[PDB]
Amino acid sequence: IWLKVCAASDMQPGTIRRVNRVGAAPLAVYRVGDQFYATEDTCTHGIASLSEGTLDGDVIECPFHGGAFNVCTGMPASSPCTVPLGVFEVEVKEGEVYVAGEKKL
């Protein structure tokens, strides 16, 4: 049900990490200080990889057009984005970070 991403130690606060999932679309895990979050890697406004964007607090900015999303809620934060992002549950069990195989309900 869950996937092993990395150790909380490997990620510095404010960094991003792309999670490739063979057979399915890629995910993006963001470390906002001490809390980890995960959403679809693909920007809902196109075909850009959010993991290649810029993270400012709990907001991720797409590299293609500057659209943005709240990595916690998945909701659009900056135009041109209008379609919410698919958010996936994350959990840190014993220093390591895990991400649910399917997006939360």
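Counting begins at 1, following the sequence as shown.
K.L.:
For the stretches 43 to 51 and 28 to 36, which has the higher mean C-alpha B-factor as given in the deposited record?
P.N.:
The stretch with the larger average C-alpha B-factor is 28 to 36.
K.L.:
Would you mind checking where the Cα B-factor of residue 72 ranks among the modelled residues of its chain, as the lowest, middle or highest third?
P.N.:
Within its chain, residue 72 is a highest-third residue by C-alpha B-factor, going by the deposited values.
K.L.:
In terms of the CA temperature factor given in the entry, to which third of its chain does residue 9 belong: lowest, middle or highest?
P.N.:
Top third by C-alpha B-factor.
K.L.:
Check where residue 85 lands among this chain's C-alpha B-factors and tell me if it's the lowest, middle or highest third.
P.N.:
For residue 85, whose C-alpha B-factor we compare with every modelled residue in the chain, the answer is the middle third.
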